[PDB]
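# Overview (structure and organization)
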Amino acid sequence: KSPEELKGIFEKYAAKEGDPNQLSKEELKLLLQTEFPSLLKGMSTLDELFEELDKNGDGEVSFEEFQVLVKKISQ
């Protein structure tokens, strides 16, 4: 609900896989599951998100690349 929670929430998940600033498909999935399951139904599918967010040569999301979604979530 709040930004503080969401923030920590992301980490609480990012902590699981990779650094606290690193996200994972399987991870985000869950998040997008509880966090915002509607964002999943959106035109941006999991893969779409994972791929969209993951804008590098490694294969992994991060708070930064993720914030792009948050902004779209809030804005």
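Residues numbered from 1 in each chain as written, not as in the entry; some residues may be left out. Heavy atoms only, no water.

If you check the header, you'll see the entry was determined by solution NMR.

The name recorded for the protein chain in the PDB entry is Vitamin D-dependent calcium-binding protein, intestinal, from Bos taurus.

### Focus: the UniProt feature "domain: EF-hand" in the protein chain
Heads up, the condition is: UniProt positions are given in the numbering used here, feature names are shortened, and annotations may be inferred rather than shown by experiment. Per the convention used, a helix needs a DSSP run of H or I reaching at least four residues, while a strand needs a run of E reaching at least two, with both numbered from the N terminus.
Under the UniProt annotation, "domain: EF-hand" lies at residues 9-44 and 41-75. Spanning residues 9-44, this segment combines 56% helix with 6% strand, and its end C-alpha atoms are found 21 Å apart. Along residues 41-75 one finds 60% helix and 6% strand; the C-alpha atoms at either end are 18 Å apart.

### Focus: the pattern of salt bridges
Formally: Here, a salt bridge means any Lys or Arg side-chain nitrogen found within 4 Å of an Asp or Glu carboxyl oxygen.
Using the criterion set out here, one finds 1 salt bridge in the structure. Two residues, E26 and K29, come together in a salt bridge whose shortest N-O distance is 3.8 Å. Of this pair, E26 and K29 both sit in helix α2 (residues 25-34), 3 residues apart, roughly one helical turn.

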